[PDB]
């Protein structure tokens, strides 16, 4: 009954089930988890792997000796469980030194420190087998207009990512980068605030083939945008390297609810798209078990992430396989949308009187699209009413 196995490629950040519940108005409600116990308990739930910030695994300020011991314990738990580490990232947001950013801090010495901190963790990520390295520029931005010249900041952001690309290629590493956009919080406005801005920025890097996006459900919804649409544009560009799954109830603070919570129909259309398009990367959950919960509630919430994905996968597959839906898709001319507008070419289009001079605009306008019948079939399938 909707039981995950490692073959489903579900992954979790250490910082997700490990969130202690400290929010802007309250103290932690849960004790800290040992990364080793998180790995074991996620493996028992059927997860495929875990992800980490450098500072989740190795406490900030650790000596190289303490560092080696933290990694060894972690690697033993991976060996004991069969868990993988497909992605890693850098914490460039918690320490006060990053209060005006890492790669785009106004202070030059902070920007250089941010790069060295990142490079050190790229080496570790490669050692643990990660294929994707995520960057979330949570402190890159501003609360006021004069604090940040955004053209200069984008120069500094391009400089940093170009240097990281030079580093991985000079080392011969087989790892790619994914930018994770967010429109705001903790900064008043964050640079590269949506999937679109991130995709555009990547095309100005020196080696664009090394960079893609890591979109998050809740972040695009914090701008009121359609998350499945943004994912479709990322897939269209060949840039969906990784994805963060969770839930969000509209335009407000970043809730990071378990996947399936928040906008349920958007979750359905997202799963439909990922499965139809053959996305084969990790299904990663960047979520926070609410601070109302004890540890039993933490693992229930994590299990719910995977359960809801598998239910939605079944409903989307039934929808697409239903002969009545296939008929309705043709009634709404989805087949015609997939056919070229003018494969006959520009001159033939210009000479085609049926395209303008003799086109019956009123008869075309009278044709209903039949979208509402199609959408109610989708609703019936989602709710198990068919």
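Numbering follows the first chain given and starts at 1.
Mean CA B-factor: is it higher for 169-177 or for 208-216?
That would be 169-177.
Should the higher mean CA B-factor in the entry be assigned to 292-300 or to 261-269?
Between 292-300 and 261-269, it is 292-300.
Specify which of 306, 245, 130, 202 carries the largest Cα B factor in the deposited PDB entry.
It is 130.
When you compare the CA B-factors of 49, 340, 323, 26 as listed in the entry, which one comes out on top?
Each of 49, 340, 323, 26 was compared by C-alpha B-factor; the highest is 323.
Place residue 279 in the lowest, middle or highest third of its chain's C-alpha B-factors, as listed in the PDB entry.
For residue 279, whose C-alpha B-factor we compare with every modelled residue in the chain, the answer is the highest third.
Sorting the chain's CA B-factors, does residue 256 end up in the lowest, middle or highest third?
Answer is lowest: the recorded C-alpha B-factor places it there.
Please place residue 379 in the lowest, middle or highest third of its chain by C-alpha B factor as given in the entry.
According to the entry, residue 379 has a C-alpha B-factor in the chain's lowest third.
Using the temperature factors of the C-alpha atoms in this entry, rank residue 76 within its chain: lowest, middle or highest third.
According to the entry, residue 76 has a C-alpha B-factor in the chain's highest third.
Select lowest, middle or highest to describe the third in which the CA B-factor of residue 230 falls within its chain in this entry.
Residue 230: CA B-factor falls in the lowest third of its chain.
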